Every structure is written in structure tokens, then in C-alpha cells.
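# Inside the fold
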Amino acid sequence: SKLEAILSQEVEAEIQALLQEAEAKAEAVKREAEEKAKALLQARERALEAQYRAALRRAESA
Amino acid sequence: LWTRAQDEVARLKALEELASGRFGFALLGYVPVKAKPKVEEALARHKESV
């Protein structure tokens, strides 16, 4: 009834705070998980670019 | 101070006689029929009068 609903609503407020801490926990994982993915992609294209510049200076000196 | 302390200590000792319902709780006892209106007047102070 309404009385059990108010009680399970207090417990649902605890549960909602529990989902909010779990959701911000998953977010605090995956924001920087996405950003380490992009940091990998950045450093990878930069290492390839270094190899490209070495290739061009070597071919033109040959 | 002694009166408030004896009152709070009696409330604490009375809290030992409760009957929990797994994050929820019940209680039971007896009282006369002549104070049943006073019992209801006390019962109104519960949250939705649980």
C-alpha cells in the first residue's frame, strides 16, 4: 500500500543513491578509459610521423 | 540532567525489547481500553501513522 510504498521509497532513495554512486563509478572508469584510447592513437600516429620524416630525409640524401 | 538521562536510558533499555523486520521493526504489548483514545492520539505521531 501507500505506507509500504513510502518505506520502500526511503529504501529506493538509498537504492537510487546506490545506483548514482555505481553510475558515477562506471563513468569515472570510462571517461579516462576512452581518453587512454585516444592517447594511444595520438602517440601511435606521432611515432609513425617520426618514421615518415626519417624516411623522406634518408631517401632524398640517397 | 538526571531526569533526562534516566529517560533516555529507559528509552534505550526499551529499545532492547523491539522486534525487527529486516530494516523495519515491530513492537507489541498491552494497554487498557480506557486510554485507547490516548493510544490513537499517540499513534497519529507516527510517520503516516504506521
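All residue numbers are counted from 1 along each chain's written sequence and may depart from the entry's numbering; residues that have no coordinates are not represented. Chains and ligands are labelled by the order in which they are written, letters from A for the one and numbers from 1 for the other. Here the displayed chains are drawn from a larger assembly, and the quantities reported describe the displayed chains exclusively. The side-chain quantities take in all heavy atoms of the structure and omit both hydrogens and water. Residues with missing side-chain atoms are left out of burial classes, side-chain pairs and their counts.

In the PDB header, cryo-EM is given as the technique by which the entry was determined, and 3.6 Å as its resolution.

In the nomenclature of the PDB entry, chain B corresponds to V-type ATP synthase subunit I from the organism Thermus thermophilus. Per the PDB header, the title for this entry is "Thermus thermophilus V/A-type ATPase/synthase, rotational state 2".

Going by the PDB entry, chain A carries the name V-type ATP synthase subunit E and comes from Thermus thermophilus.

### Remarks on the overall build of chain A
To qualify as a helix, a DSSP run of H or I must reach at least 4 residues; to qualify as a strand, a run of E must reach at least 2; elements of each kind are numbered from the N terminus. The number of helices and strands found in chain A is one helix and zero strands. Taken along its principal axes, the extent of the C-alpha atoms in chain A is 85 × 15 × 5 Å. Relative accessible area decides the class of each residue, using a 1.4 Å probe on protein chains only: under 20% of the type maximum gives buried, over 50% gives exposed, and in between gives partly exposed. Split into buried and exposed, the 62 residues of chain A put 0% on the buried side. Carbon and sulfur atoms make up 55% of the accessible area of chain A, which amounts to about 6,000 Å² in all. Working convention for charge: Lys and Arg count positive, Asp and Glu count negative, and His plus the chain ends are omitted. All charge positions are set by atom: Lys at NZ, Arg at CZ, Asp at CG, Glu at CD. Computed over 11 positive and 13 negative side-chain charges, the inter-centroid distance for chain A is 16 Å. Throughout, the Shrake-Rupley method with a 1.4 Å probe supplies accessible areas, and for residues the shown protein chains are the sole cover considered.

### Notes on the pattern of salt bridges
Residues and elements named next belong to chain A. The residue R31 makes a salt bridge to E35 at a minimum N-O spacing of 3.3 Å. Separated by four residues within a single helix, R31 and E35 lie in helix α1 (residues 2-61), roughly one turn from each other. Of the charged contacts, one joins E49 and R53 as a salt bridge, the two residues approaching to 2.5 Å between their closest N and O atoms. Of this pair, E49 and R53 both sit in helix α1, separated by four residues, roughly a single helical turn. Note on definitions: salt bridges are taken to be side-chain nitrogens of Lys or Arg within 4 Å of carboxyl oxygens of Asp or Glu.

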